[PDB]
$ cat start-v1.pdb   # PDB, C-alpha atoms
ATOM      1  CA  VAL A 106     165.419  37.946  67.331  1.00  0.00           C
ATOM      2  CA  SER A 107     162.797  36.273  65.157  1.00  0.00           C
ATOM      3  CA  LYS A 108     160.694  38.041  62.554  1.00  0.00           C
ATOM      4  CA  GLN A 109     157.478  37.286  64.449  1.00  0.00           C
ATOM      5  CA  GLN A 110     158.753  39.091  67.546  1.00  0.00           C
ATOM      6  CA  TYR A 111     159.706  42.132  65.484  1.00  0.00           C
ATOM      7  CA  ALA A 112     156.297  41.962  63.790  1.00  0.00           C
ATOM      8  CA  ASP A 113     154.168  42.046  66.916  1.00  0.00           C
ATOM      9  CA  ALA A 114     156.552  44.480  68.640  1.00  0.00           C
ATOM     10  CA  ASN A 115     156.052  46.886  65.732  1.00  0.00           C
ATOM     11  CA  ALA A 116     152.314  46.178  65.952  1.00  0.00           C
ATOM     12  CA  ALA A 117     152.181  47.106  69.646  1.00  0.00           C
ATOM     13  CA  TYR A 118     154.267  50.211  68.922  1.00  0.00           C
ATOM     14  CA  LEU A 119     151.849  51.356  66.214  1.00  0.00           C
ATOM     15  CA  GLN A 120     148.929  50.573  68.536  1.00  0.00           C
ATOM     16  CA  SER A 121     150.331  52.844  71.249  1.00  0.00           C
ATOM     17  CA  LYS A 122     151.091  55.421  68.545  1.00  0.00           C
ATOM     18  CA  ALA A 123     147.406  55.387  67.625  1.00  0.00           C
ATOM     19  CA  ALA A 124     146.333  55.681  71.270  1.00  0.00           C
ATOM     20  CA  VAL A 125     148.499  58.754  71.827  1.00  0.00           C
ATOM     21  CA  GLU A 126     146.872  60.396  68.792  1.00  0.00           C
ATOM     22  CA  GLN A 127     143.478  59.521  70.276  1.00  0.00           C
ATOM     23  CA  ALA A 128     144.573  61.436  73.369  1.00  0.00           C
ATOM     24  CA  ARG A 129     146.066  64.317  71.362  1.00  0.00           C
ATOM     25  CA  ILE A 130     142.808  65.017  69.524  1.00  0.00           C
ATOM     26  CA  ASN A 131     141.033  65.229  72.889  1.00  0.00           C
ATOM     27  CA  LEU A 132     143.658  67.765  73.899  1.00  0.00           C
ATOM     28  CA  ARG A 133     142.830  69.601  70.677  1.00  0.00           C
ATOM     29  CA  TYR A 134     139.152  69.636  71.657  1.00  0.00           C
ATOM     30  CA  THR A 135     139.860  71.485  74.922  1.00  0.00           C
ATOM     31  CA  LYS A 136     140.923  74.487  72.847  1.00  0.00           C
ATOM     32  CA  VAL A 137     137.865  74.838  70.632  1.00  0.00           C
ATOM     33  CA  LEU A 138     138.915  76.150  67.241  1.00  0.00           C
ATOM     34  CA  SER A 139     136.811  78.147  64.820  1.00  0.00           C
ATOM     35  CA  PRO A 140     135.750  75.648  62.137  1.00  0.00           C
ATOM     36  CA  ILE A 141     135.314  78.419  59.533  1.00  0.00           C
ATOM     37  CA  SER A 142     136.297  82.034  58.941  1.00  0.00           C
ATOM     38  CA  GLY A 143     133.997  84.997  59.358  1.00  0.00           C
ATOM     39  CA  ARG A 144     132.242  87.110  61.934  1.00  0.00           C
ATOM     40  CA  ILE A 145     131.407  85.830  65.403  1.00  0.00           C
ATOM     41  CA  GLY A 146     128.501  86.860  67.600  1.00  0.00           C
ATOM     42  CA  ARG A 147     128.659  87.508  71.299  1.00  0.00           C
ATOM     43  CA  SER A 148     129.448  84.608  73.592  1.00  0.00           C
ATOM     44  CA  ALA A 149     126.196  83.122  74.863  1.00  0.00           C
ATOM     45  CA  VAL A 150     128.134  81.424  77.667  1.00  0.00           C
ATOM     46  CA  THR A 151     130.944  82.992  79.681  1.00  0.00           C
ATOM     47  CA  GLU A 152     133.887  82.009  81.867  1.00  0.00           C
ATOM     48  CA  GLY A 153     133.432  79.786  84.887  1.00  0.00           C
ATOM     49  CA  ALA A 154     130.562  77.845  83.317  1.00  0.00           C
ATOM     50  CA  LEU A 155     130.346  74.075  82.934  1.00  0.00           C
ATOM     51  CA  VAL A 156     129.840  72.602  79.472  1.00  0.00           C
ATOM     52  CA  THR A 157     129.148  68.991  78.527  1.00  0.00           C
TER      53      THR A 157
ATOM     54  CA  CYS B   1      74.036 164.028  66.212  1.00  0.00           C
ATOM     55  CA  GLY B   2      75.949 161.070  64.818  1.00  0.00           C
ATOM     56  CA  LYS B   3      78.362 159.888  62.109  1.00  0.00           C
ATOM     57  CA  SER B   4      81.433 159.485  64.320  1.00  0.00           C
ATOM     58  CA  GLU B   5      83.814 156.808  65.697  1.00  0.00           C
ATOM     59  CA  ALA B   6      86.258 156.544  62.809  1.00  0.00           C
ATOM     60  CA  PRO B   7      88.146 153.245  63.302  1.00  0.00           C
ATOM     61  CA  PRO B   8      91.931 153.691  63.353  1.00  0.00           C
ATOM     62  CA  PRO B   9      93.916 151.302  61.139  1.00  0.00           C
ATOM     63  CA  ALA B  10      96.058 148.863  63.093  1.00  0.00           C
ATOM     64  CA  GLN B  11      99.844 149.187  63.074  1.00  0.00           C
ATOM     65  CA  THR B  12     100.230 145.411  63.840  1.00  0.00           C
ATOM     66  CA  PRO B  13     102.973 145.515  66.519  1.00  0.00           C
ATOM     67  CA  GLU B  14     104.743 143.049  68.888  1.00  0.00           C
ATOM     68  CA  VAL B  15     106.290 140.411  66.681  1.00  0.00           C
ATOM     69  CA  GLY B  16     109.281 139.065  68.596  1.00  0.00           C
ATOM     70  CA  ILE B  17     111.527 137.968  65.759  1.00  0.00           C
ATOM     71  CA  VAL B  18     114.389 135.482  65.929  1.00  0.00           C
ATOM     72  CA  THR B  19     116.512 135.064  62.814  1.00  0.00           C
ATOM     73  CA  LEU B  20     117.886 131.666  61.843  1.00  0.00           C
ATOM     74  CA  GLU B  21     121.414 130.560  61.005  1.00  0.00           C
ATOM     75  CA  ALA B  22     123.244 127.376  60.104  1.00  0.00           C
ATOM     76  CA  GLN B  23     124.538 125.518  63.143  1.00  0.00           C
ATOM     77  CA  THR B  24     126.162 122.118  63.532  1.00  0.00           C
ATOM     78  CA  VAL B  25     124.851 119.794  66.225  1.00  0.00           C
ATOM     79  CA  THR B  26     125.288 116.102  66.929  1.00  0.00           C
ATOM     80  CA  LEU B  27     122.388 113.665  67.031  1.00  0.00           C
ATOM     81  CA  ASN B  28     121.533 110.982  69.560  1.00  0.00           C
ATOM     82  CA  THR B  29     119.176 108.018  69.765  1.00  0.00           C
ATOM     83  CA  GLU B  30     117.667 106.369  72.832  1.00  0.00           C
ATOM     84  CA  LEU B  31     117.319 102.600  72.637  1.00  0.00           C
ATOM     85  CA  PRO B  32     115.735 100.203  75.137  1.00  0.00           C
ATOM     86  CA  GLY B  33     117.588  97.266  76.596  1.00  0.00           C
ATOM     87  CA  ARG B  34     118.600  95.228  79.607  1.00  0.00           C
ATOM     88  CA  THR B  35     121.595  94.898  81.899  1.00  0.00           C
ATOM     89  CA  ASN B  36     123.773  91.797  82.029  1.00  0.00           C
ATOM     90  CA  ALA B  37     126.608  90.621  84.237  1.00  0.00           C
ATOM     91  CA  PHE B  38     130.184  90.746  83.006  1.00  0.00           C
ATOM     92  CA  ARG B  39     130.626  87.118  84.028  1.00  0.00           C
ATOM     93  CA  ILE B  40     128.031  84.885  85.678  1.00  0.00           C
ATOM     94  CA  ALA B  41     128.671  81.273  86.655  1.00  0.00           C
ATOM     95  CA  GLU B  42     125.917  78.975  87.851  1.00  0.00           C
ATOM     96  CA  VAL B  43     127.655  76.199  89.745  1.00  0.00           C
ATOM     97  CA  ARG B  44     126.768  72.721  88.558  1.00  0.00           C
ATOM     98  CA  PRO B  45     127.964  69.490  90.179  1.00  0.00           C
ATOM     99  CA  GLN B  46     130.487  67.442  88.233  1.00  0.00           C
ATOM    100  CA  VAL B  47     129.933  64.320  90.374  1.00  0.00           C
ATOM    101  CA  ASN B  48     127.029  62.434  91.941  1.00  0.00           C
ATOM    102  CA  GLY B  49     126.025  62.304  95.580  1.00  0.00           C
ATOM    103  CA  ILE B  50     124.098  64.089  98.285  1.00  0.00           C
ATOM    104  CA  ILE B  51     124.976  67.444  99.806  1.00  0.00           C
ATOM    105  CA  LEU B  52     126.560  67.289 103.245  1.00  0.00           C
ATOM    106  CA  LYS B  53     127.658  70.855 103.965  1.00  0.00           C
TER     107      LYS B  53
END
$ encode --input "start-v1.pdb" --output "structure tokens"
Amino acid sequence: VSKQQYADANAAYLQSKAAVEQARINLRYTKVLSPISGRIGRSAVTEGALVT
Amino acid sequence: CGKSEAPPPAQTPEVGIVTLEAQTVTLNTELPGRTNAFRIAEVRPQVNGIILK
């Protein structure tokens, strides 16, 4: 196989590898993590509520 | 024909006396506030359109 075909095949592979990370960070947003350490107040919103 | 009615000195009675002693007791405070649900969900539509049923 030519070097150009390996080049753009590797390019498309890295492109899909970036897209799956773009999906994985959105999965990481659905479990909201504490950005810092410390005390937390009471939850102003509760279960069953819609957030945007 | 006079010089009588010698006033008797008072004995000063009827003092109901309670003695005091050390006694442990717990303390309490009343605070005002409101009641809140354990979980409340207001339903909000996640799509667009008119209600049918």
$ axis_aligned_box --input "start-v1.pdb" --around "region 36-53 of chain B" --padding-each-side "5 Å" --output "lines of an AutoDock Vina configuration file"
center_x = 127.2
center_y = 77.1
center_z = 93.0
size_x = 16.9
size_y = 39.5
size_z = 31.9
$ atom_distance --input "start-v1.pdb" --atom1 "CA of residue 132 (chain A)" --atom2 "CA of residue 47 (chain B)"
21.7 Å
$ residues_around --input "start-v1.pdb" --residues "residue 152 (chain A)" --least-positions-apart "5" --cutoff "9 Å" --atoms "only C-alpha atoms" --output "list in words"
residues 39, 40 and 41 of chain B
$ closest_atom_pairs --input "start-v1.pdb" --of "chain A" --to "chain B" --cutoff "8 Å" --atoms "all atoms listed in the file" --output "CSV"
residue,atom,partner,partner_atom,distance
A:151,CA,B:39,CA,6.0
A:152,CA,B:39,CA,6.4
A:153,CA,B:41,CA,5.3
A:154,CA,B:41,CA,5.1
A:155,CA,B:44,CA,6.8
$ write_last_selection --input "start-v1.pdb" --atoms "C-alpha atoms" --output "PDB file, in the frame of the given file"
ATOM      1  CA  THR A 151     130.944  82.992  79.681  1.00  0.00           C
ATOM      2  CA  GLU A 152     133.887  82.009  81.867  1.00  0.00           C
ATOM      3  CA  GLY A 153     133.432  79.786  84.887  1.00  0.00           C
ATOM      4  CA  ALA A 154     130.562  77.845  83.317  1.00  0.00           C
ATOM      5  CA  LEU A 155     130.346  74.075  82.934  1.00  0.00           C
TER       6      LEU A 155
END
$ atom_distance --input "start-v1.pdb" --atom1 "CA of residue 36 (chain B)" --atom2 "CA of residue 145 (chain A)"
19.2 Å
